[PDB]
Ligand SMILES: [Ca+2]
Ligand SMILES: [Ca+2]
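Residue numbers (this note's numbering), protein chains in the order written: chain A, 1 to 164; chain B, 1001 to 1164.
Set out below in structure tokens:
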């Protein structure tokens, strides 16, 4: 039951994504998080999807995904060197001494405050999964007003590219 | 008309995604970018989605969308003050004088190199849509080896929050 980061190229067209999400849904496959946006080439979008399972489940999801005509290339990004980043926006209640505390946490995690009132901050964070998770462990939950978190975006290390 | 950024707070069921994605697909409308990931509410995910069509029509989907039990709340983020950021990973061919040149761009856009060889950089860039777009506008496209870009993560400004 471990994390695989699936990376795929697909037809930037209507239904493309609803069909990819439908394939998971039909069979109750987990989607932890999902990023998709156009590439260099506007006919093709790049999707980064994170799923949680034993290998034999992932290999079957991977088998089924390749079968879709709108899925063009596909790699388990996790099976080779890669880099990943996520972006997160955390809106936090920040009054009295918690104003200093929230500012210290932002600086420690190298985030930036991008919205501010007398009683709140919106903090922008970028990093690996664990950095962003470490931020959330470190903040008191009762302070969090809401969170918007982009889901992982990754690339293979070095010369390896998905389109080739 | 135009560009719309829709935030939804929903169940993390696969395709609850597909079902949301479907209602844009249903009308023949392309989802340009999309992000969905866990929130503090372990059972709930936040999804931002950027799309293109006429206000009344989006408002059609809006309604259709609200009536899904899987959807807790939604707003059209543009209808009120908001902050938005995307993240992007851009792998570039960086040989000779382009090494100095590609590093300068990174610096000017305030991005970070997170993968480097003799012949390439992968640059991480975080910002508004127009900033990332402007970075892409600045690089000769024969230098871009691949891009993985997340699409928006957005929140209302100030005390406005979606779960409320
Ligand atoms: Ca295929
Ligand atoms: Ca509802």
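Every residue gets a Cβ at the ideal spot worked out from N, C-alpha and C, and that includes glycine.
For the pair of segments examined, the segment 1033–1044 of chain B was found to touch the segment 1012–1023 of chain B: the number of CB pairs separated by less than 8 Å reaches three.
Under a criterion of Cβ atoms nearer than 8 Å, no residue of chain B is adjacent to residue 123/A; the nearest Cβ is some 10 Å distant. Residue nearest to residue 1157/B within the set 1077/B, 1012/B, 1163/B is 1077/B (criterion: CA-CA distance).
Along the segment 1099–1119 of chain B, going in chain order, the ones with a CB nearer than 7 Å to a CB of chain A are 1114, 1115, 1117.
The beta carbon of residue 113/A sits closer than 8 Å to the beta carbons of 103, 106, 121, 122, 123, 124 from its chain, once the five residues preceding and following it are set aside; these are given in chain order.
Of all residues in the segment 1013–1032 of chain B, only 1013, 1014, 1015, 1016, 1017, 1018, 1019, 1020, 1021, 1022, 1023, 1024, 1025, 1026, 1027, 1028, 1029, 1030, 1031, 1032 come within less than 9 Å of chain A when Cβ atoms are compared, listed by chain position. For secondary structure counted as the beta strand (DSSP E) over 3 or more consecutive residues, the segment 1081–1151 of chain B holds these complete runs in sequence order: 1082–1093, 1112–1116, 1120–1127, 1144–1149. With contact defined as three or more Cβ pairs closer than 8 Å, the segment 1150–1164 of chain B and the segment 1080–1096 of chain B are in contact. For the pair residue 1119/B and residue 1095/B, the CB atoms are nearer than the 7 Å cut-off.
Counting C-beta pairs with one atom in each stretch, the segment 132–144 of chain A and the segment 42–52 of chain A have fewer than three that are closer than 8 Å, which means they do not touch. Residue 1010/B sits buried, since 16 or more C-beta atoms from the chains shown fall within 10 Å of its C-beta. In chain A, no part has a C-beta under 9 Å from the C-beta of residue 1065/B; the shortest such distance is about 13 Å. A distance criterion of 6 Å places the beta-carbon of residue 1012/B beyond contact range of ligand 2, judged by its closest non-hydrogen atom. Annotation for residue 1116/B indicates a beta carbon at 6 Å or more from all heavy atoms of ligand 1.
Interface annotation, residue 1132/B: not in contact with chain A, CB-CB separation never under 7 Å. At a cut-off of 7 Å between beta-carbon atoms, residue 1034/B makes contact with chain A. Placement of the Cβ of residue 66/A at a distance of less than 6 Å from at least one heavy atom of ligand 1 is found.
Taking the Cβ of residue 90/A as the reference point, every heavy atom of ligand 2 lies at 6 Å or farther away. Using a Cβ distance threshold of 7 Å, residue 1062/B and residue 1007/B do not count as a contacting pair.
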